[PDB]
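*Asks:* Pasting structure.cif below, which is mmCIF, N, CA and C atoms.
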```cif
data_entry
loop_
_atom_site.label_atom_id
_atom_site.label_comp_id
_atom_site.auth_asym_id
_atom_site.auth_seq_id
_atom_site.Cartn_x
_atom_site.Cartn_y
_atom_site.Cartn_z
N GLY U 90 11.04 -100.71 -203.80
CA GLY U 90 12.38 -100.82 -204.42
C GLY U 90 12.30 -101.44 -205.79
N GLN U 91 13.43 -101.76 -206.39
CA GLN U 91 13.47 -102.36 -207.73
C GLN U 91 13.11 -103.85 -207.70
N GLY U 92 13.05 -104.42 -206.51
CA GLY U 92 12.73 -105.82 -206.34
C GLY U 92 12.84 -106.14 -204.87
N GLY U 93 12.75 -107.41 -204.50
CA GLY U 93 12.89 -107.82 -203.12
C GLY U 93 13.15 -109.31 -203.10
N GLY U 94 13.59 -109.85 -201.97
CA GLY U 94 13.93 -111.26 -201.89
C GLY U 94 15.26 -111.53 -202.59
N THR U 95 15.66 -112.79 -202.67
CA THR U 95 16.89 -113.16 -203.37
C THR U 95 16.63 -114.38 -204.23
N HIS U 96 17.35 -114.51 -205.34
CA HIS U 96 17.26 -115.71 -206.17
C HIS U 96 18.08 -116.82 -205.51
N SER U 97 19.02 -116.41 -204.67
CA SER U 97 19.81 -117.37 -203.90
C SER U 97 18.87 -118.01 -202.88
N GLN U 98 18.97 -119.32 -202.74
CA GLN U 98 18.12 -120.09 -201.84
C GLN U 98 18.99 -121.11 -201.14
N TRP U 99 18.73 -121.34 -199.87
CA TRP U 99 19.53 -122.24 -199.05
C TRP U 99 18.63 -122.98 -198.08
N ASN U 100 18.98 -124.23 -197.81
CA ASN U 100 18.25 -125.10 -196.89
C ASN U 100 19.25 -125.57 -195.83
N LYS U 101 19.01 -126.72 -195.21
CA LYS U 101 19.96 -127.32 -194.27
C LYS U 101 20.30 -128.70 -194.84
N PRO U 102 21.50 -129.23 -194.54
CA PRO U 102 21.88 -130.55 -195.05
C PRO U 102 21.14 -131.70 -194.39
N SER U 103 20.75 -131.48 -193.15
CA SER U 103 19.98 -132.46 -192.41
C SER U 103 18.58 -132.48 -193.00
N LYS U 104 18.02 -133.66 -193.22
CA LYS U 104 16.66 -133.74 -193.74
C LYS U 104 15.72 -133.12 -192.72
N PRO U 105 14.64 -132.49 -193.19
CA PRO U 105 13.82 -131.68 -192.28
C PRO U 105 12.86 -132.45 -191.39
N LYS U 106 12.68 -133.71 -191.71
CA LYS U 106 11.76 -134.59 -190.97
C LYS U 106 12.36 -135.98 -190.91
N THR U 107 11.89 -136.77 -189.96
CA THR U 107 12.31 -138.16 -189.84
C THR U 107 11.89 -138.95 -191.06
N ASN U 108 12.58 -140.05 -191.29
CA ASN U 108 12.33 -140.90 -192.46
C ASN U 108 10.90 -141.44 -192.52
N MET U 109 10.28 -141.62 -191.37
CA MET U 109 8.91 -142.12 -191.31
C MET U 109 7.90 -141.00 -191.57
N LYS U 110 7.50 -140.87 -192.82
CA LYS U 110 6.50 -139.88 -193.22
C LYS U 110 5.13 -140.27 -192.65
N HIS U 111 4.24 -139.30 -192.52
CA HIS U 111 2.93 -139.50 -191.91
C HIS U 111 1.90 -138.70 -192.69
N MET U 112 0.63 -139.04 -192.51
CA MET U 112 -0.47 -138.31 -193.13
C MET U 112 -0.83 -137.09 -192.27
N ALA U 113 -1.61 -136.19 -192.84
CA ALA U 113 -2.06 -134.98 -192.16
C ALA U 113 -3.37 -134.59 -192.85
N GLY U 114 -4.05 -133.57 -192.34
CA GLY U 114 -5.28 -133.09 -192.96
C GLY U 114 -5.62 -131.73 -192.38
N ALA U 115 -6.54 -131.02 -193.01
CA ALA U 115 -6.94 -129.69 -192.57
C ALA U 115 -8.36 -129.44 -193.08
N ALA U 116 -8.99 -128.37 -192.59
CA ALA U 116 -10.32 -127.97 -193.02
C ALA U 116 -10.37 -126.46 -192.79
N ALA U 117 -11.39 -125.79 -193.31
CA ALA U 117 -11.54 -124.35 -193.13
C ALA U 117 -13.02 -124.01 -192.97
N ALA U 118 -13.30 -122.96 -192.21
CA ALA U 118 -14.66 -122.48 -191.98
C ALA U 118 -14.61 -120.96 -191.93
N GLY U 119 -13.64 -120.42 -192.65
CA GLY U 119 -13.32 -119.01 -192.58
C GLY U 119 -12.21 -118.84 -191.56
N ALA U 120 -11.73 -117.62 -191.35
CA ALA U 120 -10.66 -117.36 -190.40
C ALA U 120 -10.76 -115.92 -189.91
N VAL U 121 -10.28 -115.67 -188.70
CA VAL U 121 -10.22 -114.31 -188.17
C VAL U 121 -8.83 -113.79 -188.51
N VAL U 122 -8.79 -112.77 -189.36
CA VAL U 122 -7.53 -112.21 -189.85
C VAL U 122 -7.56 -110.71 -189.61
N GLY U 123 -6.39 -110.11 -189.37
CA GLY U 123 -6.28 -108.67 -189.19
C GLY U 123 -6.35 -107.88 -190.49
N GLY U 124 -7.23 -108.30 -191.39
CA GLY U 124 -7.42 -107.61 -192.67
C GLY U 124 -6.26 -107.75 -193.63
N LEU U 125 -5.73 -108.96 -193.72
CA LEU U 125 -4.56 -109.22 -194.56
C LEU U 125 -4.89 -109.78 -195.93
N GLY U 126 -5.62 -110.89 -195.94
CA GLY U 126 -5.91 -111.61 -197.18
C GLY U 126 -4.72 -112.42 -197.69
N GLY U 127 -3.61 -111.74 -197.96
CA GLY U 127 -2.42 -112.40 -198.50
C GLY U 127 -1.46 -112.97 -197.47
N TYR U 128 -1.89 -113.05 -196.22
CA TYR U 128 -1.08 -113.59 -195.12
C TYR U 128 -2.02 -114.43 -194.27
N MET U 129 -1.83 -115.74 -194.27
CA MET U 129 -2.74 -116.65 -193.55
C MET U 129 -1.96 -117.54 -192.61
N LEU U 130 -2.66 -118.19 -191.70
CA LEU U 130 -2.02 -118.99 -190.66
C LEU U 130 -2.17 -120.47 -190.96
N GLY U 131 -1.33 -121.28 -190.33
CA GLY U 131 -1.38 -122.72 -190.50
C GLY U 131 -1.96 -123.43 -189.29
N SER U 132 -1.13 -123.61 -188.27
CA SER U 132 -1.57 -124.22 -187.01
C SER U 132 -1.06 -123.43 -185.82
N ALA U 133 -1.46 -123.86 -184.63
CA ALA U 133 -1.00 -123.27 -183.38
C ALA U 133 -0.09 -124.28 -182.69
N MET U 134 0.70 -123.81 -181.73
CA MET U 134 1.64 -124.69 -181.05
C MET U 134 1.28 -124.90 -179.60
N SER U 135 1.81 -125.97 -179.03
CA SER U 135 1.59 -126.28 -177.63
C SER U 135 2.57 -125.49 -176.78
N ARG U 136 2.10 -124.35 -176.26
CA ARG U 136 2.88 -123.46 -175.38
C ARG U 136 4.29 -123.09 -175.88
N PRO U 137 4.39 -122.01 -176.67
CA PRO U 137 5.74 -121.51 -176.97
C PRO U 137 6.44 -120.98 -175.72
N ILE U 138 7.71 -121.31 -175.55
CA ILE U 138 8.47 -120.89 -174.37
C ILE U 138 9.80 -120.31 -174.80
N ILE U 139 10.23 -119.24 -174.14
CA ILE U 139 11.52 -118.63 -174.43
C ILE U 139 12.39 -118.78 -173.20
N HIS U 140 13.68 -118.62 -173.39
CA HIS U 140 14.65 -118.82 -172.34
C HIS U 140 15.48 -117.57 -172.16
N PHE U 141 15.10 -116.80 -171.16
CA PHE U 141 15.71 -115.50 -170.89
C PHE U 141 16.74 -115.54 -169.78
N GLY U 142 16.65 -116.54 -168.91
CA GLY U 142 17.63 -116.66 -167.83
C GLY U 142 17.49 -115.57 -166.79
N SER U 143 16.27 -115.08 -166.61
CA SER U 143 16.00 -114.02 -165.65
C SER U 143 14.66 -114.30 -165.03
N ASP U 144 14.59 -114.23 -163.71
CA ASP U 144 13.35 -114.51 -162.99
C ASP U 144 12.22 -113.62 -163.43
N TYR U 145 12.49 -112.33 -163.55
CA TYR U 145 11.44 -111.39 -163.92
C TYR U 145 11.02 -111.57 -165.37
N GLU U 146 11.93 -112.01 -166.23
CA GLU U 146 11.57 -112.19 -167.64
C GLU U 146 10.80 -113.48 -167.82
N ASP U 147 11.26 -114.54 -167.17
CA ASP U 147 10.60 -115.84 -167.27
C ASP U 147 9.23 -115.78 -166.60
N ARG U 148 9.08 -114.87 -165.67
CA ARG U 148 7.78 -114.66 -165.07
C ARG U 148 6.89 -113.80 -165.96
N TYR U 149 7.41 -112.71 -166.48
CA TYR U 149 6.59 -111.75 -167.18
C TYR U 149 6.12 -112.31 -168.51
N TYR U 150 7.01 -112.99 -169.21
CA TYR U 150 6.65 -113.53 -170.50
C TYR U 150 5.53 -114.56 -170.32
N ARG U 151 5.53 -115.26 -169.19
CA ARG U 151 4.53 -116.30 -168.92
C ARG U 151 3.22 -115.74 -168.39
N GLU U 152 3.28 -114.57 -167.78
CA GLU U 152 2.09 -113.89 -167.28
C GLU U 152 1.30 -113.36 -168.47
N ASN U 153 2.02 -112.82 -169.44
CA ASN U 153 1.39 -112.19 -170.60
C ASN U 153 1.21 -113.13 -171.76
N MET U 154 1.83 -114.30 -171.67
CA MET U 154 1.62 -115.39 -172.64
C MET U 154 0.13 -115.66 -172.85
N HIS U 155 -0.68 -115.39 -171.84
CA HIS U 155 -2.13 -115.56 -171.94
C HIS U 155 -2.73 -114.68 -173.05
N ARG U 156 -2.07 -113.57 -173.34
CA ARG U 156 -2.52 -112.57 -174.32
C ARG U 156 -1.77 -112.63 -175.65
N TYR U 157 -0.73 -113.44 -175.72
CA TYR U 157 0.11 -113.54 -176.93
C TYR U 157 -0.65 -114.33 -178.00
N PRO U 158 -0.30 -114.13 -179.28
CA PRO U 158 -1.00 -114.87 -180.34
C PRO U 158 -0.75 -116.37 -180.23
N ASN U 159 -1.66 -117.16 -180.78
CA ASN U 159 -1.50 -118.62 -180.78
C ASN U 159 -0.87 -119.12 -182.07
N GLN U 160 -0.85 -118.26 -183.07
CA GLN U 160 -0.43 -118.65 -184.41
C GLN U 160 0.26 -117.47 -185.06
N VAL U 161 0.91 -117.71 -186.19
CA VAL U 161 1.54 -116.67 -187.00
C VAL U 161 1.02 -116.77 -188.42
N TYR U 162 1.36 -115.79 -189.24
CA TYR U 162 0.90 -115.75 -190.62
C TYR U 162 2.10 -115.93 -191.53
N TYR U 163 1.98 -116.75 -192.56
CA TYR U 163 3.11 -117.05 -193.44
C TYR U 163 2.69 -117.48 -194.84
N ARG U 164 3.69 -117.78 -195.67
CA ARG U 164 3.48 -118.22 -197.06
C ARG U 164 4.03 -119.64 -197.19
N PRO U 165 3.51 -120.44 -198.14
CA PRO U 165 4.09 -121.78 -198.28
C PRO U 165 5.53 -121.70 -198.78
N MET U 166 6.29 -122.75 -198.51
CA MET U 166 7.71 -122.78 -198.89
C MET U 166 7.88 -122.70 -200.40
N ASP U 167 7.08 -123.50 -201.11
CA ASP U 167 7.04 -123.54 -202.58
C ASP U 167 8.40 -123.73 -203.28
N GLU U 168 9.37 -124.22 -202.51
CA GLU U 168 10.77 -124.39 -202.95
C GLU U 168 11.43 -123.08 -203.41
N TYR U 169 10.85 -121.94 -203.04
CA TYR U 169 11.42 -120.65 -203.42
C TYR U 169 11.29 -119.61 -202.30
N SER U 170 11.47 -120.06 -201.07
CA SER U 170 11.42 -119.17 -199.91
C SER U 170 12.78 -119.15 -199.22
N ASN U 171 13.15 -118.00 -198.67
CA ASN U 171 14.40 -117.91 -197.92
C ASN U 171 14.09 -118.43 -196.52
N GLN U 172 14.96 -119.26 -195.97
CA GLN U 172 14.69 -119.92 -194.70
C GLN U 172 14.51 -118.91 -193.57
N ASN U 173 15.24 -117.80 -193.66
CA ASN U 173 15.16 -116.79 -192.62
C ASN U 173 13.95 -115.88 -192.79
N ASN U 174 13.61 -115.54 -194.02
CA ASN U 174 12.54 -114.57 -194.28
C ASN U 174 11.20 -115.16 -193.90
N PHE U 175 11.07 -116.47 -194.09
CA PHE U 175 9.89 -117.22 -193.69
C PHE U 175 9.54 -116.90 -192.24
N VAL U 176 10.50 -117.11 -191.35
CA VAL U 176 10.29 -116.88 -189.93
C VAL U 176 10.27 -115.40 -189.60
N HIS U 177 11.10 -114.62 -190.27
CA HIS U 177 11.22 -113.22 -189.87
C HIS U 177 10.03 -112.33 -190.21
N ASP U 178 9.39 -112.54 -191.35
CA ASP U 178 8.20 -111.74 -191.68
C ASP U 178 6.99 -112.28 -190.93
N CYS U 179 7.05 -113.57 -190.60
CA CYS U 179 6.02 -114.23 -189.80
C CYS U 179 5.64 -113.41 -188.58
N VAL U 180 6.58 -113.28 -187.67
CA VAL U 180 6.34 -112.59 -186.41
C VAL U 180 6.13 -111.10 -186.60
N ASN U 181 6.85 -110.51 -187.54
CA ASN U 181 6.72 -109.08 -187.83
C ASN U 181 5.26 -108.75 -188.11
N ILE U 182 4.67 -109.51 -189.02
CA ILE U 182 3.29 -109.30 -189.40
C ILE U 182 2.38 -109.69 -188.25
N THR U 183 2.62 -110.85 -187.66
CA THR U 183 1.73 -111.37 -186.62
C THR U 183 1.55 -110.41 -185.47
N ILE U 184 2.64 -109.87 -184.97
CA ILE U 184 2.58 -108.92 -183.88
C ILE U 184 1.89 -107.67 -184.35
N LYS U 185 2.18 -107.22 -185.55
CA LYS U 185 1.49 -106.04 -186.08
C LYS U 185 -0.01 -106.28 -186.10
N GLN U 186 -0.44 -107.45 -186.53
CA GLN U 186 -1.87 -107.69 -186.65
C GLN U 186 -2.51 -107.88 -185.28
N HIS U 187 -1.82 -108.57 -184.38
CA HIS U 187 -2.39 -108.86 -183.07
C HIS U 187 -2.42 -107.64 -182.20
N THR U 188 -1.30 -106.96 -182.09
CA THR U 188 -1.21 -105.78 -181.24
C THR U 188 -2.21 -104.73 -181.70
N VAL U 189 -2.44 -104.63 -183.00
CA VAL U 189 -3.47 -103.72 -183.48
C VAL U 189 -4.86 -104.25 -183.20
N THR U 190 -5.17 -105.48 -183.57
CA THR U 190 -6.53 -105.99 -183.43
C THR U 190 -6.95 -106.12 -181.96
N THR U 191 -5.98 -106.21 -181.07
CA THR U 191 -6.27 -106.33 -179.64
C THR U 191 -6.50 -104.93 -179.04
N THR U 192 -5.61 -103.99 -179.35
CA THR U 192 -5.66 -102.62 -178.83
C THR U 192 -6.84 -101.86 -179.43
N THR U 193 -7.28 -102.29 -180.60
CA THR U 193 -8.46 -101.72 -181.26
C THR U 193 -9.69 -101.75 -180.33
N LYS U 194 -9.76 -102.74 -179.45
CA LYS U 194 -10.89 -102.86 -178.51
C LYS U 194 -10.56 -102.44 -177.09
N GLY U 195 -9.29 -102.18 -176.84
CA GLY U 195 -8.84 -101.83 -175.50
C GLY U 195 -7.89 -102.83 -174.92
N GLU U 196 -6.61 -102.62 -175.19
CA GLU U 196 -5.54 -103.49 -174.75
C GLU U 196 -4.29 -102.66 -174.95
N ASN U 197 -3.14 -103.10 -174.46
CA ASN U 197 -1.88 -102.41 -174.70
C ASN U 197 -0.75 -103.39 -174.44
N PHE U 198 0.38 -103.19 -175.10
CA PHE U 198 1.55 -104.07 -174.96
C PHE U 198 2.77 -103.17 -174.83
N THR U 199 3.46 -103.25 -173.71
CA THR U 199 4.68 -102.48 -173.49
C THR U 199 5.82 -103.04 -174.27
N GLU U 200 6.95 -102.34 -174.22
CA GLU U 200 8.18 -102.82 -174.82
C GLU U 200 8.46 -104.27 -174.43
N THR U 201 8.40 -104.58 -173.14
CA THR U 201 8.66 -105.94 -172.69
C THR U 201 7.65 -106.91 -173.25
N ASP U 202 6.38 -106.54 -173.26
CA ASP U 202 5.35 -107.41 -173.82
C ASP U 202 5.65 -107.71 -175.28
N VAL U 203 6.12 -106.70 -176.00
CA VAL U 203 6.46 -106.87 -177.40
C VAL U 203 7.71 -107.72 -177.52
N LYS U 204 8.72 -107.47 -176.70
CA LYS U 204 9.97 -108.23 -176.75
C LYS U 204 9.74 -109.73 -176.54
N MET U 205 8.93 -110.10 -175.56
CA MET U 205 8.60 -111.51 -175.34
C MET U 205 7.84 -112.05 -176.53
N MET U 206 6.89 -111.28 -177.05
CA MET U 206 6.16 -111.72 -178.23
C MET U 206 7.13 -111.91 -179.39
N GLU U 207 8.10 -111.03 -179.58
CA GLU U 207 9.00 -111.16 -180.73
C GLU U 207 9.62 -112.54 -180.78
N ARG U 208 10.07 -113.03 -179.64
CA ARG U 208 10.72 -114.34 -179.62
C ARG U 208 9.66 -115.44 -179.65
N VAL U 209 8.57 -115.26 -178.90
CA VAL U 209 7.51 -116.28 -178.82
C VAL U 209 6.81 -116.52 -180.16
N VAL U 210 6.46 -115.44 -180.83
CA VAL U 210 5.74 -115.47 -182.09
C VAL U 210 6.69 -116.03 -183.15
N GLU U 211 7.96 -115.64 -183.08
CA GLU U 211 8.98 -116.19 -183.97
C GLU U 211 9.12 -117.71 -183.75
N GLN U 212 9.16 -118.14 -182.49
CA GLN U 212 9.27 -119.58 -182.15
C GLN U 212 8.11 -120.40 -182.72
N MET U 213 6.92 -119.83 -182.78
CA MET U 213 5.78 -120.55 -183.37
C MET U 213 5.94 -120.68 -184.88
N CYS U 214 6.58 -119.71 -185.51
CA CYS U 214 6.83 -119.81 -186.94
C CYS U 214 7.93 -120.83 -187.21
N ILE U 215 8.93 -120.89 -186.34
CA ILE U 215 10.00 -121.88 -186.50
C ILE U 215 9.37 -123.28 -186.49
N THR U 216 8.38 -123.51 -185.65
CA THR U 216 7.73 -124.82 -185.64
C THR U 216 6.96 -125.04 -186.94
N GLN U 217 6.32 -123.99 -187.44
CA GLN U 217 5.61 -124.07 -188.72
C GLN U 217 6.58 -124.32 -189.87
N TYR U 218 7.86 -124.04 -189.68
CA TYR U 218 8.86 -124.33 -190.69
C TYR U 218 8.79 -125.78 -191.02
N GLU U 219 8.76 -126.61 -190.00
CA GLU U 219 8.80 -128.04 -190.21
C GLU U 219 7.50 -128.56 -190.80
N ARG U 220 6.43 -127.84 -190.52
CA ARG U 220 5.11 -128.21 -191.02
C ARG U 220 5.06 -127.97 -192.52
N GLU U 221 5.50 -126.79 -192.93
CA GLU U 221 5.48 -126.39 -194.34
C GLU U 221 6.69 -126.90 -195.11
N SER U 222 7.75 -127.25 -194.41
CA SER U 222 8.94 -127.77 -195.05
C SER U 222 8.63 -129.08 -195.73
N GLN U 223 7.72 -129.84 -195.15
CA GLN U 223 7.34 -131.09 -195.77
C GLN U 223 6.62 -130.85 -197.10
N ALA U 224 6.03 -129.68 -197.29
CA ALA U 224 5.32 -129.37 -198.52
C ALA U 224 6.25 -129.24 -199.74
N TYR U 225 7.40 -128.59 -199.60
CA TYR U 225 8.33 -128.52 -200.73
C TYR U 225 9.02 -129.87 -200.89
N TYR U 226 9.27 -130.51 -199.75
CA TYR U 226 9.96 -131.80 -199.71
C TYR U 226 8.96 -132.92 -200.03
N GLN U 227 7.76 -132.54 -200.44
CA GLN U 227 6.74 -133.48 -200.87
C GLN U 227 7.14 -133.99 -202.25
N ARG U 228 7.62 -133.06 -203.07
CA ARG U 228 8.07 -133.37 -204.43
C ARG U 228 9.58 -133.42 -204.48
N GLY U 229 10.22 -132.41 -203.91
CA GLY U 229 11.67 -132.35 -203.88
C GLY U 229 12.19 -133.03 -202.64
N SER U 230 11.86 -134.30 -202.46
CA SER U 230 12.21 -135.04 -201.23
C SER U 230 13.66 -135.54 -201.20
N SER U 231 14.56 -134.80 -201.82
CA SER U 231 15.97 -135.15 -201.88
C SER U 231 16.74 -133.86 -201.87
#
```
Show the structure stored in the file as structure tokens.

*Replies:*
Amino acid sequence: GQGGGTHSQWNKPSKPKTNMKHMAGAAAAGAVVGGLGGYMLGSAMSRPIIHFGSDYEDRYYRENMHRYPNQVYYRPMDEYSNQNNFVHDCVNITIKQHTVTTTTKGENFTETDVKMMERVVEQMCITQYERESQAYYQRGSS
């Protein structure tokens, strides 16, 4: 198209983290990526869970959770990211990369498997929101 994204940017009025700031750290030794380069992951979460309110869904999503991705791929906030697009392209790409890289060797994911992943993979990006949100709020802490 002629462009993409919006110059309009919005956050939440509630501060994104508690007043007690903390240290963090990271390291790298390479990464296993679905041939992206421009889409990388941050961290993994402690068991993403969705709430479907159905016995068969709460069972199936948890049975296949063993095969779901542990992480998502995203871009830093950089004070110029849309709050929704951050999470929304996250899972879109992640499922595309995982479902392909897994099926490439012999695997398959049905509609339901994908549906559970859509919410699960999205939920892991929502948690990464808070991780990366501190990065823009590192300088723009007001």

*Asks:* Taking the DSSP assignment computed from this structure's backbone, write out as JSON, numbers by chain all residues of chain U that belong to helix (DSSP H, G or I).

*Replies:* {"U": [144, 145, 146, 147, 148, 149, 150, 151, 152, 153, 154, 155, 156, 172, 173, 174, 175, 176, 177, 178, 179, 180, 181, 182, 183, 184, 185, 186, 187, 188, 189, 190, 191, 192, 200, 201, 202, 203, 204, 205, 206, 207, 208, 209, 210, 211, 212, 213, 214, 215, 216, 217, 218, 219, 220, 221, 222, 223, 224, 225]}

*Asks:* How far is it from atom C of residue U:216 to atom CA of residue U:134, in Å with one decimal?

*Replies:*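 Taking atom C of residue U:216 and atom CA of residue U:134, their separation equals 7.9 Å.
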
*Asks:* Give me, please, the distance in Å between atom CA of residue U:180 and atom CA of residue U:128, quoted to one decimal.

*Replies:*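 Rounded to one decimal, the two atoms are 11.5 Å apart.
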
*Asks:* Hey, what's within 12 Å of residue U:219 if we count only C-alpha atoms and toss same-chain stuff fewer than 6 positions away? As a list in words, please?

*Replies:*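 Non-adjacent residues within range: residues 100, 101, 104, 105, 106, 107, 131, 132, 165, 166, 172, 175, 176, 212, 213, 225 and 226 of chain U.
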
*Asks:* I'd like to know which of U:169, U:161, U:223, U:145 is closest to residue U:129, using all atoms listed in the file.

*Replies:*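 Selected residue with least distance to residue U:129: U:161.
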
*Asks:* Can you pull out the residues contacting stretch 189-204 of chain U? Cut-off 10 Å, using only C-alpha atoms, and skip same-chain residues under 6 positions away; I want them as a ChimeraX atom specification.

*Replies:* /U:122-124,146,149-150,152-154,156-157,183,210

*Asks:* Please define a box with edges along x, y and z of the file around all atoms of stretch 151-166 of chain U given in the file, extend it by 8 Å on each side, and return its centre and edge lengths in Å to one decimal, as JSON.

*Replies:*
```
{"center_x": 2.6, "center_y": -117.5, "center_z": -183.8, "size_x": 26.6, "size_y": 26.6, "size_z": 49.1}
```

*Asks:* Quick one: of U:229, U:220, U:178, U:97, who's nearest to residue U:111, counting only C-alpha atoms?

*Replies:*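 Under the stated criterion, the closest residue is U:220.
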
*Asks:* Quick check, in Å to one decimal: how far apart do atom CA of residue U:177 and atom CA of residue U:118 lie?

*Replies:*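 Atom CA of residue U:118 lies at a distance of 27.6 Å from atom CA of residue U:177.
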
*Asks:* For residue U:214, which residue out of U:231, U:114, U:170, U:160 is the nearest one, using only N, CA and C atoms?

*Replies:*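 Of all the options, U:160 lies closest to residue U:214.
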
*Asks:* List every residue of chain U that DSSP, applied to the backbone of this structure, places in strand (DSSP E), and write the result as a PDB file with N, CA and C atoms, keeping the file's coordinate frame.

*Replies:*
```
ATOM      1  N   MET U 129      -1.830-115.740-194.270  1.00  0.00           N
ATOM      2  CA  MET U 129      -2.740-116.650-193.550  1.00  0.00           C
ATOM      3  C   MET U 129      -1.960-117.540-192.610  1.00  0.00           C
ATOM      4  N   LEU U 130      -2.660-118.190-191.700  1.00  0.00           N
ATOM      5  CA  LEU U 130      -2.020-118.990-190.660  1.00  0.00           C
ATOM      6  C   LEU U 130      -2.170-120.470-190.960  1.00  0.00           C
ATOM      7  N   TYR U 162       1.360-115.790-189.240  1.00  0.00           N
ATOM      8  CA  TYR U 162       0.900-115.750-190.620  1.00  0.00           C
ATOM      9  C   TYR U 162       2.100-115.930-191.530  1.00  0.00           C
ATOM     10  N   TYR U 163       1.980-116.750-192.560  1.00  0.00           N
ATOM     11  CA  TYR U 163       3.110-117.050-193.440  1.00  0.00           C
ATOM     12  C   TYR U 163       2.690-117.480-194.840  1.00  0.00           C
TER      13      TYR U 163
END
```

*Asks:* Compare U:182, U:133, U:209, U:224 by their minimum atom-to-atom distance to residue U:167, counting only N, CA and C atoms, and give me the closest one.

*Replies:*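 Nearest to residue U:167: U:224.
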
*Asks:* Restricted to N, CA, C and O atoms, what does stretch 144-158 of chain U look like when written out as a short mmCIF file (atom, residue, chain, number, x, y, z; two decimals), in the first residue's frame?

*Replies:*
```cif
data_model
loop_
_atom_site.label_atom_id
_atom_site.label_comp_id
_atom_site.auth_asym_id
_atom_site.auth_seq_id
_atom_site.Cartn_x
_atom_site.Cartn_y
_atom_site.Cartn_z
N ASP U 144 -15.69 -27.69 28.80
CA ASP U 144 -14.87 -28.82 29.21
C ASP U 144 -13.98 -29.32 28.10
O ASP U 144 -12.80 -29.58 28.31
N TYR U 145 -14.53 -29.45 26.91
CA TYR U 145 -13.76 -29.98 25.79
C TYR U 145 -12.71 -28.97 25.33
O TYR U 145 -11.65 -29.37 24.87
N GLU U 146 -12.98 -27.68 25.47
CA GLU U 146 -12.01 -26.68 25.04
C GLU U 146 -10.90 -26.55 26.05
O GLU U 146 -9.73 -26.52 25.70
N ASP U 147 -11.26 -26.52 27.33
CA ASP U 147 -10.27 -26.41 28.40
C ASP U 147 -9.42 -27.66 28.46
O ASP U 147 -8.27 -27.65 28.87
N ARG U 148 -9.96 -28.76 28.00
CA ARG U 148 -9.18 -29.97 27.91
C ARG U 148 -8.29 -29.97 26.67
O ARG U 148 -7.12 -30.28 26.76
N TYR U 149 -8.83 -29.60 25.53
CA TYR U 149 -8.10 -29.75 24.28
C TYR U 149 -6.96 -28.75 24.20
O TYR U 149 -5.85 -29.09 23.78
N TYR U 150 -7.22 -27.53 24.64
CA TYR U 150 -6.19 -26.52 24.58
C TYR U 150 -5.01 -26.94 25.46
O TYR U 150 -3.86 -26.64 25.15
N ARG U 151 -5.29 -27.64 26.55
CA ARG U 151 -4.26 -28.06 27.49
C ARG U 151 -3.53 -29.33 27.05
O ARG U 151 -2.37 -29.55 27.40
N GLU U 152 -4.20 -30.14 26.25
CA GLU U 152 -3.60 -31.35 25.70
C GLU U 152 -2.57 -30.96 24.65
O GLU U 152 -1.47 -31.49 24.60
N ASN U 153 -2.92 -29.96 23.85
CA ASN U 153 -2.06 -29.54 22.74
C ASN U 153 -1.12 -28.42 23.11
O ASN U 153 -0.18 -28.14 22.40
N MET U 154 -1.35 -27.83 24.27
CA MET U 154 -0.42 -26.84 24.86
C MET U 154 1.02 -27.35 24.86
O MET U 154 1.97 -26.59 24.76
N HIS U 155 1.18 -28.67 24.93
CA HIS U 155 2.51 -29.28 24.88
C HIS U 155 3.25 -28.95 23.57
O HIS U 155 4.47 -28.96 23.52
N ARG U 156 2.48 -28.70 22.52
CA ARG U 156 3.00 -28.45 21.17
C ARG U 156 2.96 -26.97 20.77
O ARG U 156 3.45 -26.61 19.71
N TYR U 157 2.34 -26.14 21.59
CA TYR U 157 2.19 -24.70 21.29
C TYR U 157 3.53 -24.01 21.49
O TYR U 157 4.40 -24.51 22.21
N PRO U 158 3.74 -22.85 20.83
CA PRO U 158 5.01 -22.14 21.01
C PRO U 158 5.19 -21.66 22.44
O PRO U 158 4.23 -21.47 23.16
#
```
